[PDB]
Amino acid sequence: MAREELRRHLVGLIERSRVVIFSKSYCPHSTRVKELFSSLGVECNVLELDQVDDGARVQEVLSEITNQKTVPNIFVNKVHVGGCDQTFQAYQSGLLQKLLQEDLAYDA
C-alpha cells in the first residue's frame, strides 16, 4: 500500500527471529533493552531505524503493523511485546522468560 516489498521484509524479519528489536543506535531505552537480553544470554536481531535507508518510511510501516509509534519496538517469538517499559514489565512478571522459552521455527 505504501511499500509492499518493505512490509513483506519487515514481517519476514519478525517471523524468523526469536527476538527482534527495532532500535536506534543512540537511544538509551534501546540500549537498555539490548542490555537486558544480553544479560539473559539471548541473541537478538536488531534493526537500527536511524541507519537504514528510508528509516522514516520503515517506522511508518512498522506503526501500521504494530499500532505503536515509538522505538524501541520489541518482538519475541513473533509476539509483539511493545516498548521498553512493557518489556521490563514482561521481565518482572515472568512473561518475557516464558515467551523466550516457547519452541518456534526460525528460517534463514
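Residues carry their position along the shown sequence, with the first being 1.
Here 87-95 and 9-17 are compared by their mean Cα B-factor, and 9-17 comes out higher.
Just going by the entry, 71-79 versus 48-56 on mean CA temperature factor gives the higher value to 48-56. Split the chain's modelled residues into thirds by C-alpha temperature factor. Residue 65 is in the highest one. Among the modelled residues of the chain, residue 42 sits in the middle third by CA temperature factor in this PDB entry.
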